[PDB]
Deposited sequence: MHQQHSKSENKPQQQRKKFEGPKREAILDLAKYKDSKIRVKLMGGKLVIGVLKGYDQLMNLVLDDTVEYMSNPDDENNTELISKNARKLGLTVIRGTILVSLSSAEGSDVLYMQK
């Protein structure tokens, strides 16, 4: 396919979801349909005060709108 998730294995990723939610966690595994297993998952809802810890989770590949590393640079 198009994004090799293997390169992101065991690092923190950032994942946007269709209804506004953002989820950050360590990528543990994934499948061809881009369902993901994330650990130490934090879920932000639609700012920072809005954080819930969920721990180990499964995100549906179907509602995923973007994925990137959690590492990034401001301005």
Worksheet entry | Unmodelled intervals of the deposited chain, in order | 1-25, 72-81, 111-115
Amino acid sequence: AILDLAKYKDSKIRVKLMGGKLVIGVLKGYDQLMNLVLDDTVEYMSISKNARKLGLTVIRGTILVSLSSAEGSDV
From here on, numbers count along this sequence of modelled residues.
Practice prompt. Would you determine, from the values in the PDB entry, which of 7-15 and 61-69 has the greater average C-alpha temperature factor?
Written response: 7-15
Item to complete: Read off the CA B-factors in the entry, average them over 18-26 and over 47-55, and name the higher stretch.
Response: 47-55
